[PDB]
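One structure is given here, and the rest of the page talks about it.
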(Lines of atoms letter the chains of each structure in order from A and count residues from 1; the text may use other names and numbers.)
(Lines give C-alpha, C1' and ligand atoms only; values in the text may rest on other atoms or scores of the structure.)
Protein backbone atom coordinates (compact mmCIF):
# COMPACT_ATOMS: atom_id res chain seq x y z
CA UNK A 1 0.00 0.00 0.00
CA UNK A 2 3.05 2.25 0.47
CA UNK A 3 3.19 2.40 -3.33
CA UNK A 4 -0.34 3.68 -4.00
CA UNK A 5 0.16 5.98 -1.03
CA UNK A 6 3.32 7.41 -2.55
CA UNK A 7 1.81 8.07 -5.98
CA UNK A 8 -1.56 9.61 -5.03
CA UNK A 9 -1.80 10.26 -1.28
CA UNK A 10 1.27 12.46 -1.79
CA UNK A 11 -0.44 14.55 -4.48
CA UNK A 12 -3.95 14.64 -3.01
CA UNK A 13 -4.40 15.95 0.52
CA UNK A 14 -7.74 15.84 2.33
CA UNK A 15 -11.18 16.93 1.06
CA UNK A 16 -9.67 17.89 -2.31
CA UNK A 17 -10.44 14.41 -3.63
CA UNK A 18 -14.14 15.18 -3.32
CA UNK A 19 -13.39 18.23 -5.43
CA UNK A 20 -11.79 15.94 -8.06
CA UNK A 21 -14.98 13.85 -8.09
CA UNK A 22 -17.58 16.63 -8.37
CA UNK A 23 -15.02 17.98 -10.80
CA UNK A 24 -15.41 15.11 -13.21
CA UNK A 25 -19.15 15.30 -12.55
CA UNK A 26 -19.78 18.99 -13.30
CA UNK A 27 -17.59 20.83 -15.85
CA UNK A 28 -17.97 24.57 -15.26
CA UNK A 29 -17.03 26.48 -12.07
CA UNK A 30 -19.83 25.96 -9.57
CA UNK A 31 -17.94 25.58 -6.23
CA UNK A 32 -21.16 25.00 -4.28
CA UNK A 33 -22.63 22.72 -6.94
CA UNK A 34 -19.39 20.78 -7.45
CA UNK A 35 -18.98 19.90 -3.78
CA UNK A 36 -22.68 19.21 -3.19
CA UNK A 37 -22.86 17.12 -6.37
CA UNK A 38 -19.94 14.98 -5.27
CA UNK A 39 -21.39 14.71 -1.74
CA UNK A 40 -24.79 13.77 -3.19
CA UNK A 41 -23.15 11.16 -5.43
CA UNK A 42 -21.06 9.50 -2.70
CA UNK A 43 -24.15 8.89 -0.58
CA UNK A 44 -26.63 8.04 -3.34
CA UNK A 45 -24.36 5.84 -5.48
CA UNK A 46 -21.63 4.20 -3.39
CA UNK A 47 -22.90 1.00 -1.76
CA UNK A 48 -26.33 2.45 -0.99
CA UNK A 49 -27.16 -0.90 0.63
CA UNK A 50 -24.79 0.23 3.38
CA UNK A 51 -26.46 3.63 3.66
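Residue numbers (the UniProt record's numbering): 257 to 307. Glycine included, every Cβ here is placed at the ideal spot set by N, Cα and C.
Opening and closing residue of the alpha helix (DSSP H) in which residue i lies
| i | result |
| --- | --- |
| residue 295 | 288-301 |
| residue 280 | 272-281 |
Reduced DSSP secondary structure (H/G/I, E/B, other) of residue i
| i | result |
| --- | --- |
| residue 267 | coil |
| residue 257 | coil |
Rounded distance between the beta-carbons of residue j and residue i, thought under 8 Å
| i | j | result |
| --- | --- | --- |
| residue 274 | residue 291 | 6 Å |
is_contact[residue i, chain D] using C-beta, thresh 9 Å
| i | result |
| --- | --- |
| residue 258 | Absent here is chain D; the protein component of the structure consists of one chain. |
Is there contact between the segment 295-303 and the segment 263-282, where contact requires at least three CB pairs shorter than 8 Å? Judged by Cβ distances under 8 Å, the segment 295-303 makes contact with the segment 263-282, as three or more pairs qualify.
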